[PDB]
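One structure is given here, and the rest of the page talks about it.
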Amino acid sequence: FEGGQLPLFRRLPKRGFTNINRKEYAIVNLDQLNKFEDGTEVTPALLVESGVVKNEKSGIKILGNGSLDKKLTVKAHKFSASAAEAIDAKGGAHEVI
Amino acid sequence: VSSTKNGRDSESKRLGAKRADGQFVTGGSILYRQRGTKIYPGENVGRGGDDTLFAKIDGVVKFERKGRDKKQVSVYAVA
Amino acid sequence: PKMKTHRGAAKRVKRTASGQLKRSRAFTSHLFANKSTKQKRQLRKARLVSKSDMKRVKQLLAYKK
RNA sequence: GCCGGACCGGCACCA
RNA sequence: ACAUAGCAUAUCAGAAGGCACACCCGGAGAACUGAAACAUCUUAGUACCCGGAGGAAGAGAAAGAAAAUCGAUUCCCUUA
RNA sequence: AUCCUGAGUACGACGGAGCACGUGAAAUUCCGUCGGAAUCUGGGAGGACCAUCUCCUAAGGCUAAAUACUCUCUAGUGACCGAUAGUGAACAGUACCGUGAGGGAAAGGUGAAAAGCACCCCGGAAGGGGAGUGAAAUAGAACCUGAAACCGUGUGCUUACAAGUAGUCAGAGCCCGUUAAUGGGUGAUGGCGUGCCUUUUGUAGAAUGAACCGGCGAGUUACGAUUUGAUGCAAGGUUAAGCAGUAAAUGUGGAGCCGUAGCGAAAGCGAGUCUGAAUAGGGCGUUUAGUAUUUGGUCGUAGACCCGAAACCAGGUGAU
RNA sequence: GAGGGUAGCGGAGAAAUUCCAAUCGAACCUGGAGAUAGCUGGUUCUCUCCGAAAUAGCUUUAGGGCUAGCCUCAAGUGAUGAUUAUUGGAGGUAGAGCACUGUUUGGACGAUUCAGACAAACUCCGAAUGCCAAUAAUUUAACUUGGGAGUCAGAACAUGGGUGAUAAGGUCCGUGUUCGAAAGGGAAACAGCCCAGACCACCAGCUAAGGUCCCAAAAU
RNA sequence: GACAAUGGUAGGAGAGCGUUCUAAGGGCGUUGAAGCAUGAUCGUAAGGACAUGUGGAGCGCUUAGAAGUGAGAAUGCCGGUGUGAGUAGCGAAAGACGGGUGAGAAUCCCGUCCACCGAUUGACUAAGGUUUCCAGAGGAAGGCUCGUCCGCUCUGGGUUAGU
RNA sequence: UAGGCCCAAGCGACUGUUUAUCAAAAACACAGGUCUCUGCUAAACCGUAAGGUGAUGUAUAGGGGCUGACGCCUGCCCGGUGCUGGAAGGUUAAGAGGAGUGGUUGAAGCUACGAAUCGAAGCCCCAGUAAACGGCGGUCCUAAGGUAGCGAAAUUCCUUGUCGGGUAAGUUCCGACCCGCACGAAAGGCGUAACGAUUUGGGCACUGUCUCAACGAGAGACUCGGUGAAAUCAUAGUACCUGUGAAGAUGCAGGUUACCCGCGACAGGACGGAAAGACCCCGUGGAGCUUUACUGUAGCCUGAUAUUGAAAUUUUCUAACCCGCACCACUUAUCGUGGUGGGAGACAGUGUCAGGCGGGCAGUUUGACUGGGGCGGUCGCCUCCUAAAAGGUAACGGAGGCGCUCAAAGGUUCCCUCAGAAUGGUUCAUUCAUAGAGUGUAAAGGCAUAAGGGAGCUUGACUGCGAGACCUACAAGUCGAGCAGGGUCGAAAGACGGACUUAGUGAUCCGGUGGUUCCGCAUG
Ligand SMILES: [K+]
Ligand SMILES: [K+]
Ligand SMILES: [K+]
Ligand SMILES: [K+]
Ligand SMILES: [K+]
Ligand SMILES: [K+]
Ligand SMILES: [K+]
Ligand SMILES: [K+]
Ligand SMILES: [K+]
Ligand SMILES: [K+]
Ligand SMILES: [Mg+2]
Ligand SMILES: [Mg+2]
Ligand SMILES: [Mg+2]
Ligand SMILES: [Mg+2]
Ligand SMILES: [Mg+2]
Ligand SMILES: [Mg+2]
Ligand SMILES: [Mg+2]
Ligand SMILES: [Mg+2]
Ligand SMILES: [Mg+2]
Ligand SMILES: [Mg+2]
Ligand SMILES: [Mg+2]
Ligand SMILES: [Mg+2]
Ligand SMILES: [Mg+2]
Ligand SMILES: [Mg+2]
Ligand SMILES: [Mg+2]
Ligand SMILES: [Mg+2]
Ligand SMILES: [Mg+2]
Ligand SMILES: [Mg+2]
Ligand SMILES: [Mg+2]
Ligand SMILES: [Mg+2]
Ligand SMILES: [Mg+2]
Ligand SMILES: [Mg+2]
Ligand SMILES: [Mg+2]
Ligand SMILES: [Mg+2]
Ligand SMILES: [Mg+2]
Ligand SMILES: [Mg+2]
Ligand SMILES: [Mg+2]
Ligand SMILES: [Mg+2]
Ligand SMILES: [Mg+2]
Ligand SMILES: [Mg+2]
Ligand SMILES: [Mg+2]
Ligand SMILES: [Mg+2]
Ligand SMILES: [Mg+2]
Ligand SMILES: [Mg+2]
Ligand SMILES: [Mg+2]
Ligand SMILES: [Mg+2]
Ligand SMILES: [Mg+2]
Ligand SMILES: [Mg+2]
Ligand SMILES: [Mg+2]
Ligand SMILES: [Mg+2]
Ligand SMILES: [Mg+2]
Ligand SMILES: [Mg+2]
Ligand SMILES: [Mg+2]
Ligand SMILES: [Mg+2]
Ligand SMILES: [Mg+2]
Ligand SMILES: [Mg+2]
Ligand SMILES: [Mg+2]
Ligand SMILES: [Mg+2]
Ligand SMILES: [Mg+2]
Ligand SMILES: [Mg+2]
Ligand SMILES: [Mg+2]
Ligand SMILES: [Mg+2]
Ligand SMILES: [Mg+2]
Ligand SMILES: [Mg+2]
Ligand SMILES: [Mg+2]
Ligand SMILES: [Mg+2]
Ligand SMILES: [Mg+2]
Ligand SMILES: [Mg+2]
Ligand SMILES: [Mg+2]
Ligand SMILES: [Mg+2]
Ligand SMILES: [Mg+2]
Ligand SMILES: [Mg+2]
Ligand SMILES: [Mg+2]
Ligand SMILES: [Mg+2]
Ligand SMILES: [Mg+2]
Ligand SMILES: [Mg+2]
Ligand SMILES: [Mg+2]
Ligand SMILES: [Mg+2]
Ligand SMILES: [Mg+2]
Ligand SMILES: [Mg+2]
Ligand SMILES: [Mg+2]
Ligand SMILES: [Mg+2]
Ligand SMILES: [Mg+2]
Ligand SMILES: [Mg+2]
Ligand SMILES: [Mg+2]
Ligand SMILES: [Mg+2]
Ligand SMILES: [Mg+2]
Ligand SMILES: [Mg+2]
Ligand SMILES: [Mg+2]
Ligand SMILES: [Mg+2]
Ligand SMILES: [Mg+2]
Ligand SMILES: [Mg+2]
Ligand SMILES: [Mg+2]
Ligand SMILES: [Mg+2]
Ligand SMILES: [Mg+2]
Ligand SMILES: [Mg+2]
Ligand SMILES: [Mg+2]
Ligand SMILES: [Mg+2]
Ligand SMILES: [Mg+2]
Ligand SMILES: [Mg+2]
Ligand SMILES: [Mg+2]
């Protein structure tokens, strides 16, 4: 309340809408992928078990922050272009599942 | 009883000098607010649509004489 | 009981990474002939809730993250 | 604004 | 007209009224108040009143939830 | 699938209502009025609606348990009260007030044991003084303790020429003698000096409030938010209900919640993203620290620091 | 007189807002109920450090509120704060002047010229100051982010002004001080004037304003 | 050790005093607890001791914990007691004396005289009240004084219907 | 113990009634008058209804409005409002009706809408109506401009009008005048015998009302015995004067006066006691009341539809529905229920939906500033002065303007220079003329680089932005170099993101329109 002056949240306009079908992913970066040893197959179940991912959300997306330094077979729902390129260029492989 | 027909004034426009002679200013700094050319744009100084004088480069402000009855403001690079 | 969010405010702002509130701009509904082209172009751009207003209205959006 | 006569006359009017 | 309504009898004992009627179900239902005025809105289906019951009541066995499937109702956490 | 499977029903229009949802793009449920289907090749729902798909099968009924409450009863509990508290009521819905509905008090304590004062004296009595009982009677019933206001009796100092918020600083004289301290009481006389609270620009104020004394009498708690301090763990931190346990600590419980990534209205992209034709510029971001519990501060929802209206509504009581 | 009837969103009224159980512009009792009260009053132990405001903007706002200003507490940053000296600059007040606009008095000449005056909204001119900056001396702040406020009735005095009447202990702005929230000395007494800012104690000393015949300290 | 600071309302910050309860530890108490009263005691403050008297059974201290935790003001609430003050008043009016009773008499009883009402201050019904009626006894309180008296207190009585 | 009387005036005819507890009256009532409604299940009123009052009445009756005995009388206006009556011309709702359009699947189907046309009352229109609401001015205008009577009045402001009477002296009184601020005919006009605890003026009688007080009786007061309150109260050893001070002092200053303690008296002060001022203002406080304030609503009117049928073309019929209609039975019954007749009849009544009327009733609103409030004025924006030579700076201080305009009055390139005066000519020419002109518009600041004037081309009056600044509580407002995309003018450098600058504007919510690599609730 501003003593009768029009409040800020009445003088400003409403904006946008909420998407009812919005998808949000649990994100894993390459520096988090460093935790596993070479040759390991990474799955959402493995990620939740080892504790990297706490809540699965709409799926698991691999992102390209940090440096991987390991050779892994990463099975996830989504990969960023940089994450896929780094996984493939470190000797490993990735698959969208 | 009676009444007055006056009692009006517009908001004051805060005109006049905004930076001092010998002061360093970044480019775009407003140097002078005015109606008309009370002071002219000199070297490296522009004149806006509402007669505002502003610096076109970074440098030092110099208010200087321009003829007998006019003056100008310039901005010179420090180097 | 739980504090209630201010629903109109929640419809008008969004929360940035550092905790600021992104807001839209007033004078963007109509009467566009009475406003210059530069005025409307720059009114198109969002701003933040000011610090003084934030001091006033922070608790209304405490749950909005 | 909707309609009937030559504006007039009724009806309608929740930024 | 017949019958019916009505009027007597005989037998039974079904109802009546009460409550801690607190909790429950149903009928009916405010205003001060808040909105810094006020009429939509709010107070609130709240107070009060009326009816009906039980140790509980109400609900309950999908013309359901859903979008990989579950499998009556109710209540607690969370979703928020 | 030959037959049956709930009809004035479902449903629709109008007017309403219930649904978190105010008629809205308003599905779903119900009421009044009026209209009004189909029959497994059927019917309904999946938030207007159509199609497809998916799920279901209304218009009949019954159904324990997990849930809600406490005038009661039994057994117990309390960093709850302790007689102005705690029930209004420790001895009462009484006394008292009111035509009535209705309102509604005050008031506990001898002593271990009544051993509750034989007897004598003054007095009509009441009440006393002795004597007795008792550890104690100034524990004698108006009874434990017995504060203050207030009322008296005695007197150490002082006071009848003096003008005053009553004290304070200085100070003789007189009287006493201590928690033994460069002591106590009183005070001739001199200097200075217009109470307190509230509210005010400013109050000695002739502005407010208080007769005095005593008791009672005002920022609290719950649930959320935020911030700070503390502590544990740390790219992690932490459980809720429940179950077990002594109404405990605690164990178990990972559902959920906050972080580890942001940007955009959104689709999305992602250490970037949005805008933009842009490989430009610009906004917000990246370029490690959070989380749980808790002391303090503040805010929100609650009556929310306490007392106070004139009034409004509902149901009753009154034409003595 | 007795027995009865009409009841509060109502009765009754030869009418007065009149009566309905000692106050009727809408009875009384209980409940909603701790209605609401931007108003008034009240709000309980101590000491220590710091210490305001009575302003702006907006407000069905004006004795309320919000944000800013001013206070406080804690973290940070670090020269960015203050004063003076020098130097540079912006600007049109005081004064002055009549070159413009306007006002005005005497001459002369055939409107011009000569002389002399007036101005907040006149200026050919134009200070003192104050302000903005730059790099030496002195000094001690300044800023950022968070927690917590209170304040939005101001008053006198001096001075620059408006208003009023070169009235007001008037009123409205600028500037400074004091009161507010400040005791002490002086001005008889006397918030606001002069001197001066009380940590506590002393039967020591020097001074300020103001004073030195007596009241009453100090010069008959 | 040598320098500096310390007036203050609203208000911010800090440190403490005291009250009740709890936990643990350690103590006091009929050879006298709490409370109350007095004193010339101690600490920078809130406040803490000691001694004596009263009292007659509970109560300190240390650390920590928790609060119905501190009153001088609210025309605050309840209770007690002042002041005004021996003041206003003692509620329409005619009494006097003798005798009696008695601890006590203007005030009770008896007597005489006097006075007042008398379309009523007389007499009888009703409503309403509900034992106030009667006798004996009593005098704390009630009675606007007093009281030996009473509509007051104690004890015992009292209301009779075919009309 | 037991009327004072007389003369004159206002008001009201009269007896009566009223604010229990400050008003008894001129107020109310009244008999009388008039208007209006009402044909009986009357109208009106109470009640949701049933049931009632009206009335066991029936237009010589009942309800409502106004006037208020009686006498003489009661003039003009129907334009407006109300009421009454016409008319179905226009306007409108539900409902009837479906031209047509879209969504979905080439359709049909389902679905969301949906246009002609029909569809009542009311309103718009016409008329009448004043003992209806009202109105009876200022050649002009009106609907019409005051008849009788009365008039300085319960009405007259000026005003103690003027004249006369009454008095020695009369703002009152009586009688006249009319210049009626602002009488006037049933919110009746003018009179009126009788009546009045009515108002007003005069006179007689009479008096302690008074000159002018004195004495006496009794009850209080006062003294004594008994009994014994109250409001009030910060503590009080509580003087006066002049001053001081929150501007009126017991309490402060300087003087002046005053031995300690009672009792009877008095009221100047203690801004004495009493009741949180009734006046006044303020609160986005309350309540009662009003209305052409807003929004509603009881109720009333009207239409559709259901109950609800049968034949002609509104009429008919009877059989549903109705009868506070008769007879009969239940039944010693003015209720009710059945039966039979009669009346009425698919109307009415009632339900649902719709339109209209609706201070009868209800909930609320009805601003602020203000040298108190009201009334007046003002409320946002621009310019100047006040404003104290940066910026800022108030008053119901002093002056004005704005709520636009322009298709060029914008952009660019090129060219050009004004007002005035004198001198000659039946606007033309010369010389002086730094602007003394012009600049769309108010003012100020600017401008002869012209920002002023003209000409050619033109649309930068672009798209995406934007380092950095000004202003500022916020929301807003202002300037802006440069970068990219495409242009215009210019030979070129270059200029151009409207106008010499500064007013010409209004948030959010909601809704309309166009676009859209966005979402769109199982999928499309
Ligand atoms: K119920
Ligand atoms: K309010
Ligand atoms: K509907
Ligand atoms: K603030
Ligand atoms: K001049
Ligand atoms: K009786
Ligand atoms: K009649
Ligand atoms: K008419
Ligand atoms: K003023
Ligand atoms: K100025
Ligand atoms: Mg321009
Ligand atoms: Mg422009
Ligand atoms: Mg029961
Ligand atoms: Mg409100
Ligand atoms: Mg359906
Ligand atoms: Mg079925
Ligand atoms: Mg006690
Ligand atoms: Mg009690
Ligand atoms: Mg004793
Ligand atoms: Mg005792
Ligand atoms: Mg003496
Ligand atoms: Mg003497
Ligand atoms: Mg003195
Ligand atoms: Mg004052
Ligand atoms: Mg006094
Ligand atoms: Mg007061
Ligand atoms: Mg008082
Ligand atoms: Mg007290
Ligand atoms: Mg609070
Ligand atoms: Mg708290
Ligand atoms: Mg706050
Ligand atoms: Mg009255
Ligand atoms: Mg009246
Ligand atoms: Mg009456
Ligand atoms: Mg009464
Ligand atoms: Mg309530
Ligand atoms: Mg209250
Ligand atoms: Mg200080
Ligand atoms: Mg001058
Ligand atoms: Mg003044
Ligand atoms: Mg002055
Ligand atoms: Mg000043
Ligand atoms: Mg103050
Ligand atoms: Mg002082
Ligand atoms: Mg100071
Ligand atoms: Mg003086
Ligand atoms: Mg002095
Ligand atoms: Mg002072
Ligand atoms: Mg000396
Ligand atoms: Mg001397
Ligand atoms: Mg000091
Ligand atoms: Mg201090
Ligand atoms: Mg604090
Ligand atoms: Mg503390
Ligand atoms: Mg303590
Ligand atoms: Mg307390
Ligand atoms: Mg008190
Ligand atoms: Mg007394
Ligand atoms: Mg005496
Ligand atoms: Mg006296
Ligand atoms: Mg006396
Ligand atoms: Mg007496
Ligand atoms: Mg007597
Ligand atoms: Mg008698
Ligand atoms: Mg007797
Ligand atoms: Mg007696
Ligand atoms: Mg007796
Ligand atoms: Mg009369
Ligand atoms: Mg009479
Ligand atoms: Mg009276
Ligand atoms: Mg009277
Ligand atoms: Mg009349
Ligand atoms: Mg007509
Ligand atoms: Mg006529
Ligand atoms: Mg007049
Ligand atoms: Mg008249
Ligand atoms: Mg007439
Ligand atoms: Mg008339
Ligand atoms: Mg008359
Ligand atoms: Mg006489
Ligand atoms: Mg006498
Ligand atoms: Mg006497
Ligand atoms: Mg006496
Ligand atoms: Mg003073
Ligand atoms: Mg004075
Ligand atoms: Mg005096
Ligand atoms: Mg004196
Ligand atoms: Mg005396
Ligand atoms: Mg008084
Ligand atoms: Mg008052
Ligand atoms: Mg009304
Ligand atoms: Mg209301
Ligand atoms: Mg006002
Ligand atoms: Mg005024
Ligand atoms: Mg200045
Ligand atoms: Mg200036
Ligand atoms: Mg104007
Ligand atoms: Mg205008
Ligand atoms: Mg141009
Ligand atoms: Mg769907
Ligand atoms: Mg879909």
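Chain labels run A, B, ... following the order of the structure tokens; each chain numbers its residues from 1, and ligands are numbered from 1 in the order shown.
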How would you report the residues lying within 8 Å of ligand 19, as a PyMOL selection string, if you count only C-alpha atoms (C1' of nucleotides) and all ligand atoms? (chain F and resi 138) or (chain H and resi 54-55)
Those residues with C-alpha atoms (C1' of nucleotides), as a PDB file, in the first residue's frame please?
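Printed below is out.pdb as written:
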```pdb
ATOM      1  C1'   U F 138      -1.038  -9.845  70.783  1.00  0.00           C
TER       2        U F 138
ATOM      3  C1'   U H  54       8.395 -10.757  65.215  1.00  0.00           C
ATOM      4  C1'   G H  55       7.082 -15.418  62.903  1.00  0.00           C
TER       5        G H  55
END
```
Ligand 64: which residues are within 9 Å, counting only C-alpha atoms (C1' of nucleotides) and all ligand atoms, as a PDB file with C-alpha atoms (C1' of nucleotides), in the first residue's frame?
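Just written: part06.pdb:
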```pdb
ATOM      1  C1'   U H 120     -62.480  12.101  58.140  1.00  0.00           C
ATOM      2  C1'   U H 121     -56.133  11.452  60.735  1.00  0.00           C
ATOM      3  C1'   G H 122     -63.151   7.864  61.846  1.00  0.00           C
ATOM      4  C1'   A H 123     -65.613   2.842  60.093  1.00  0.00           C
TER       5        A H 123
END
```
Which residues are close to residue 391 in chain I, i.e. within 10 Å by only C-alpha atoms (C1' of nucleotides), leaving aside same-chain residues fewer than 4 positions away? Reply as a VMD selection string. (chain B and resid 12 to 18) or (chain G and resid 131)
Write out as a ChimeraX atom specification each polymer residue (protein, DNA or RNA) that has an atom no more than 12 Å from ligand 25, with only C-alpha atoms (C1' of nucleotides) and all ligand atoms counted. /F:165,194-195,204-206 /I:234,236,238,249-251,269-272
Kindly give the distance, in Å, that separates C1' of residue 82 in chain H and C1' of residue 230 in chain I, rounded to a single decimal.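 It comes out at 14.3 Å.
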In Å, with one decimal, what is the gap from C1' of residue 147 in chain I to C1' of residue 76 in chain I? 8.1 Å
Excluding range 34-50 of chain A and any residue of its chain fewer than 2 positions from it, enumerate the residues within 8 Å of it, using only C-alpha atoms (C1' of nucleotides), and give them as a tab-separated table (two decimals) with N, CA and C atoms, in the first residue's frame.
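Listing of around-v6.tsv after writing:
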```tsv
chain	number	residue	atom	x	y	z
A	30	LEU	N	29.36	-31.90	-17.85
A	30	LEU	CA	30.47	-32.82	-18.06
A	30	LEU	C	31.36	-32.92	-16.83
A	31	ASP	N	31.56	-31.81	-16.12
A	31	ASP	CA	32.37	-31.87	-14.91
A	31	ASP	C	31.72	-32.75	-13.85
A	32	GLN	N	30.39	-32.81	-13.83
A	32	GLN	CA	29.72	-33.80	-12.99
A	32	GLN	C	29.91	-35.21	-13.53
A	52	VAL	N	24.13	-37.98	-8.48
A	52	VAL	CA	24.33	-36.79	-9.29
A	52	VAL	C	23.00	-36.10	-9.56
A	53	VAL	N	21.97	-36.87	-9.89
A	53	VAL	CA	20.64	-36.35	-10.16
A	53	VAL	C	19.74	-36.75	-9.01
A	54	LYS	N	19.14	-35.75	-8.36
A	54	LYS	CA	18.24	-35.98	-7.24
A	54	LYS	C	16.80	-36.20	-7.71
A	55	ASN	N	16.31	-35.35	-8.62
A	55	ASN	CA	14.96	-35.45	-9.15
A	55	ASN	C	15.03	-35.52	-10.67
A	56	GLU	N	14.29	-36.47	-11.25
A	56	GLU	CA	14.41	-36.75	-12.68
A	56	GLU	C	13.69	-35.73	-13.56
A	60	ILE	N	16.43	-36.28	-18.47
A	60	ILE	CA	17.80	-35.93	-18.12
A	60	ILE	C	18.47	-35.34	-19.35
A	67	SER	N	34.78	-29.83	-18.08
A	67	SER	CA	35.58	-30.69	-18.94
A	67	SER	C	35.39	-32.15	-18.52
A	68	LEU	N	35.23	-33.02	-19.52
A	68	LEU	CA	34.81	-34.40	-19.26
A	68	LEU	C	35.98	-35.28	-18.81
A	69	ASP	N	37.05	-35.33	-19.61
A	69	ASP	CA	38.28	-36.05	-19.29
A	69	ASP	C	38.08	-37.55	-19.07
A	70	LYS	N	36.91	-38.09	-19.39
A	70	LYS	CA	36.65	-39.52	-19.25
A	70	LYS	C	35.96	-40.04	-20.50
A	71	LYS	N	36.12	-41.34	-20.75
A	71	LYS	CA	35.47	-42.01	-21.87
A	71	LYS	C	34.25	-42.76	-21.34
A	72	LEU	N	33.07	-42.37	-21.79
A	72	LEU	CA	31.83	-42.90	-21.25
A	72	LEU	C	30.83	-43.16	-22.37
A	73	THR	N	29.92	-44.09	-22.11
A	73	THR	CA	28.73	-44.28	-22.93
A	73	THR	C	27.56	-43.67	-22.18
A	74	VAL	N	27.11	-42.50	-22.63
A	74	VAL	CA	26.12	-41.72	-21.91
A	74	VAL	C	24.77	-41.91	-22.59
A	75	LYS	N	23.81	-42.45	-21.84
A	75	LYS	CA	22.44	-42.63	-22.30
A	75	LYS	C	21.57	-41.64	-21.54
A	76	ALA	N	21.02	-40.66	-22.25
A	76	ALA	CA	20.17	-39.66	-21.63
A	76	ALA	C	19.04	-39.29	-22.58
A	92	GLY	N	34.28	-41.43	-26.24
A	92	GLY	CA	33.09	-42.13	-25.80
A	92	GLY	C	31.98	-42.11	-26.82
```
Give the alpha helix (DSSP H) residues of chain C, as assigned by DSSP on the backbone, as a PyMOL selection string. chain C and resi 7-12+37-43+51-57
Would you output that residue set with N, CA and C atoms, as a PDB file, in the first residue's frame?
```
ATOM      1  N   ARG C   7      -0.974 -12.205  -6.141  1.00  0.00           N
ATOM      2  CA  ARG C   7      -1.164 -12.842  -7.442  1.00  0.00           C
ATOM      3  C   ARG C   7      -0.976 -11.861  -8.600  1.00  0.00           C
ATOM      4  N   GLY C   8      -1.450 -10.620  -8.463  1.00  0.00           N
ATOM      5  CA  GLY C   8      -1.221  -9.638  -9.520  1.00  0.00           C
ATOM      6  C   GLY C   8       0.254  -9.353  -9.740  1.00  0.00           C
ATOM      7  N   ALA C   9       0.995  -9.169  -8.648  1.00  0.00           N
ATOM      8  CA  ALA C   9       2.437  -8.981  -8.752  1.00  0.00           C
ATOM      9  C   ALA C   9       3.103 -10.182  -9.414  1.00  0.00           C
ATOM     10  N   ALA C  10       2.711 -11.393  -9.008  1.00  0.00           N
ATOM     11  CA  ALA C  10       3.271 -12.597  -9.614  1.00  0.00           C
ATOM     12  C   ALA C  10       2.972 -12.660 -11.104  1.00  0.00           C
ATOM     13  N   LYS C  11       1.823 -12.131 -11.520  1.00  0.00           N
ATOM     14  CA  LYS C  11       1.525 -12.033 -12.941  1.00  0.00           C
ATOM     15  C   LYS C  11       2.341 -10.946 -13.631  1.00  0.00           C
ATOM     16  N   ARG C  12       2.937 -10.022 -12.873  1.00  0.00           N
ATOM     17  CA  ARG C  12       3.650  -8.917 -13.506  1.00  0.00           C
ATOM     18  C   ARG C  12       5.177  -8.983 -13.467  1.00  0.00           C
ATOM     19  N   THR C  37       8.479   7.762 -31.775  1.00  0.00           N
ATOM     20  CA  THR C  37       8.956   6.448 -32.200  1.00  0.00           C
ATOM     21  C   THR C  37      10.050   5.927 -31.274  1.00  0.00           C
ATOM     22  N   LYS C  38      10.990   6.793 -30.890  1.00  0.00           N
ATOM     23  CA  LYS C  38      12.023   6.386 -29.945  1.00  0.00           C
ATOM     24  C   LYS C  38      11.412   6.021 -28.599  1.00  0.00           C
ATOM     25  N   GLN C  39      10.409   6.786 -28.160  1.00  0.00           N
ATOM     26  CA  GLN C  39       9.747   6.495 -26.894  1.00  0.00           C
ATOM     27  C   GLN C  39       9.182   5.080 -26.886  1.00  0.00           C
ATOM     28  N   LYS C  40       8.447   4.709 -27.937  1.00  0.00           N
ATOM     29  CA  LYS C  40       7.840   3.380 -27.983  1.00  0.00           C
ATOM     30  C   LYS C  40       8.893   2.287 -28.137  1.00  0.00           C
ATOM     31  N   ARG C  41       9.910   2.532 -28.970  1.00  0.00           N
ATOM     32  CA  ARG C  41      10.982   1.557 -29.143  1.00  0.00           C
ATOM     33  C   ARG C  41      11.668   1.249 -27.817  1.00  0.00           C
ATOM     34  N   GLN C  42      11.947   2.277 -27.017  1.00  0.00           N
ATOM     35  CA  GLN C  42      12.634   2.044 -25.755  1.00  0.00           C
ATOM     36  C   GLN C  42      11.688   1.547 -24.668  1.00  0.00           C
ATOM     37  N   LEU C  43      10.395   1.882 -24.751  1.00  0.00           N
ATOM     38  CA  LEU C  43       9.416   1.310 -23.835  1.00  0.00           C
ATOM     39  C   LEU C  43       9.210  -0.177 -24.088  1.00  0.00           C
ATOM     40  N   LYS C  51      15.107  -0.486  -6.224  1.00  0.00           N
ATOM     41  CA  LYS C  51      15.490  -0.906  -4.878  1.00  0.00           C
ATOM     42  C   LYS C  51      14.498  -0.413  -3.828  1.00  0.00           C
ATOM     43  N   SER C  52      14.029   0.830  -3.955  1.00  0.00           N
ATOM     44  CA  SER C  52      13.076   1.361  -2.982  1.00  0.00           C
ATOM     45  C   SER C  52      11.746   0.608  -3.040  1.00  0.00           C
ATOM     46  N   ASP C  53      11.246   0.369  -4.254  1.00  0.00           N
ATOM     47  CA  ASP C  53      10.038  -0.429  -4.410  1.00  0.00           C
ATOM     48  C   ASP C  53      10.237  -1.832  -3.859  1.00  0.00           C
ATOM     49  N   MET C  54      11.422  -2.407  -4.068  1.00  0.00           N
ATOM     50  CA  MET C  54      11.714  -3.731  -3.533  1.00  0.00           C
ATOM     51  C   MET C  54      11.630  -3.736  -2.016  1.00  0.00           C
ATOM     52  N   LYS C  55      12.203  -2.715  -1.374  1.00  0.00           N
ATOM     53  CA  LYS C  55      12.050  -2.568   0.069  1.00  0.00           C
ATOM     54  C   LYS C  55      10.582  -2.581   0.461  1.00  0.00           C
ATOM     55  N   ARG C  56       9.726  -1.973  -0.364  1.00  0.00           N
ATOM     56  CA  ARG C  56       8.305  -1.952  -0.022  1.00  0.00           C
ATOM     57  C   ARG C  56       7.625  -3.307  -0.238  1.00  0.00           C
ATOM     58  N   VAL C  57       7.949  -4.011  -1.323  1.00  0.00           N
ATOM     59  CA  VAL C  57       7.084  -5.074  -1.824  1.00  0.00           C
ATOM     60  C   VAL C  57       7.743  -6.453  -1.802  1.00  0.00           C
TER      61      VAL C  57
END
```
